[PDB]
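Enquirer: sequence and experimental coordinates follow.
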Amino acid sequence: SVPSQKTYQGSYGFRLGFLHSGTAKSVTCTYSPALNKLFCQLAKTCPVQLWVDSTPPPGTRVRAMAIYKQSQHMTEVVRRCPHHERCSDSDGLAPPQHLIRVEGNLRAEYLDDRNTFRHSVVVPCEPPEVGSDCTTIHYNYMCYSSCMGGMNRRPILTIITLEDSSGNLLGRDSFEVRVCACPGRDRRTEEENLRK
Ligand SMILES: CCCCOc1cc(C(=O)O)c(O)c(I)c1-n1cccc1
Ligand SMILES: [Zn+2]
């Protein structure tokens with residue numbers, strides 16, 4: 001099977017937001033609205049904003065999962081490559097096979113789905129800090145898009161789902177991800193290709 005990627009704001013008006021980081025050579029994470037694509041360095045902080053129009057109930061959670069973007073690869077589980085799964089870079093909570101980690105949240109839970117074998121990471125919803133209008137989750141991607149025996153140059157999507165306490169769908173959004181050494185240059189190149 002394949003997880004749905006259909007954008008769905010749902011009853012709470014759920015959607016993502018991204019910072020405006022630019023495309024300088026030194027940038028470690030940058031989002032392209034024209035491509036709906038995040039470009040980031042390996043294991044660096046990727047701030048993703050969560051926005052709602054109304055407050056979801058206590059017990060609502062936010063889950064992240066990666067799938068391959070190309071249809072001919074969509075049924076294959078996205079996982080870390082044979083090198084990175086063995087490099088003992090554990091944070092003490094994320095299984096070493098998981099591509100996506102949540103940084104700085106001791107309530108993050110990592111799931112290996114017993115039926116689909118897909119990986120995901122889920123956190124409880126928390127209200128914005130006083131003075132803020134949205135909540136941010138900090139993600140890390142733990143392999144390069146190019147890693148041999150893993151993503152192997154195949155593009156991926158991240159699907160972010162807002163879920164109730166039982167895991168039922170409340171909202172969904174998604175974005176493509178490229179994990180690469182020079183996200184600013186790659187964003188500029190791909191946006192130029194799109195303009196041409
Ligand atoms: C108590 C559990 C539910 C609390 O979740 C939110 C509340 C508000 C609010 O304004 O009360 C909000 O703005 C956001 I963004 C979230 N939220 C959504 C996903 C992650 C956090
Ligand atoms: Zn790797």
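Expert: On my side now, so go ahead. Numbers count the residues shown, from 1 in each chain. Ligands and ions are numbered 1, 2, ... in the order given.

Enquirer: for residue 159, name its beta-bridge partners.
Expert: For residue 159, the beta-bridge partners are residue 65, residue 174 (DSSP bridges).

Enquirer: surely it meets residue 7?
Expert: No. Counting by CB atoms under 8 Å, residue 159 does not reach residue 7; the two are 9.9 Å apart. Bear in mind the C-beta positions are built from the backbone N, C-alpha and C, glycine included.

Enquirer: which of the two has more residues huddled nearby?
Expert: The residue with more neighbours, out of residue 159 and residue 7, is residue 159; 20 against 14, by other CB atoms under 10 Å.

Enquirer: tell me the residues of the chain that contact ligand 2?
Expert: 81, 84, 143, 147, 150 (CB under 5 Å from the ion).

Enquirer: before we move on, the earlier item: shared neighbours of residue 159 and residue 7, anything?
Expert: Taking CB atoms under 8 Å, 6 or more residues apart in numbering as the criterion, residue 159 and residue 7 both touch 172-174.

Enquirer: filtering those by proximity to ligand 1, which remain?
Expert: Among the shared contacts of residue 159 and residue 7, not one lies near ligand 1 by CB under 6 Å from any ligand atom.

Enquirer: buried among these? Need that as a selection in ChimeraX.
Expert: A single ChimeraX command selects the buried members of the shared contacts of residue 159 and residue 7 (16 or more other CB atoms under 10 Å):
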select :172,173,174
